[PDB]
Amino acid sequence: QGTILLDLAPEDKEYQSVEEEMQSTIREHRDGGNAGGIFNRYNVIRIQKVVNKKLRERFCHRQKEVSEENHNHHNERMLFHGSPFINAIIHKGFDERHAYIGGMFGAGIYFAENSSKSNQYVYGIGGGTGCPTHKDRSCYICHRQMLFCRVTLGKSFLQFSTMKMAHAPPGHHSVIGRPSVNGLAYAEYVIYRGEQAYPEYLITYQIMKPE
C-alpha cells in the first residue's frame, strides 16, 4: 500500500490539539498580509493523520542516527510547513532534491512554529499569484493545505544572519534562524535531509475574512 489518510474527528483531543496549535500561533507579519492574506483566524475544514509505512521507516531510521550523534536525543519538534508541494510530500515524503534553493539559509526545507508564516508559502514564494482558481493571495474561498510535522532537529546550528548552506554545518543536523533587529521577526527551522521530517498532519483549511 501507500499513504493512508485518517480523518480525525473534530470532537477528538488530537484534532482539537492540532487546531489550537494552528489557530493559536497566528501572528501579524511585517508584510501586511500581502503574501498570506488578511486574517487573524482560520476555518479548519479537516485534519488527517498521514500514514505511510516507508516514510515512517526512513524518518525513524534517520531519527536514531541523529540520536547517535546528539547524545541520544533527536530533539524532535512539531512545526508547520507550507508550500505548493504538499500532495507530493504526503505520498513520497520530504525530498531535499526539491529543497528551496532561494532560501535564507540555503537549499533546505523550511518550517515555522507560527502557522501564519507557513501560510505565506502555501501558494508559492511570497504567496506567488494567490489561489489557482481566483488568482487571489487573500482568497477566503479556496481550500488551503499546510502540514504540522514531526521535525528531527538534532544539534541545531543557531544563526541570526543570512548564510546559504547546502548541508547542515559539521556536527550539526539543522539550522535555526534566530530573530534579529534588522533581521528575522521570528525563527525558522531548516533541514537539508528530507527524511528528518515526517508530515504528521495534513490540515485542510481557509483563512477567514476579519470581523
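Note that the rigid core is defined as the largest set of C-alphas that superpose within 1.5 Å between two forms. Numbers for residues come from their place in the sequence shown, where the first is 1.
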43 to 51 against 155 to 163 - segment lying farther from this form in 5 other deposited structures of this protein (CA RMS, rigid core fit) | 155 to 163
Between 171 to 179 and 24 to 32, the one drifting more in C-alpha RMS in 5 other deposited structures of this protein once the core is aligned is 171 to 179
Is residue 100 left out in a third or more of the other entries?
-> yes
Mean temperature factor over C-alpha atoms, higher-scoring stretch between 24 to 32 and 47 to 55 = 24 to 32
Mean C-alpha B-factor comparison - 124 to 132 and 70 to 78, higher one = 124 to 132
For 181, 166, 176, 146, the deposited C-alpha B-factor is largest at 181
Looking only at 11, 195, 19, 200, the Cα with the top B-factor belongs to 11
Sorting the chain's CA B-factors, does residue 204 end up in the lowest, middle or highest third?
-> lowest
Temperature factor at the Cα of residue 139, chain-ranked in thirds, falls in the highest
Chain thirds by Cα B factor, record data; residue 60 belongs to the middle
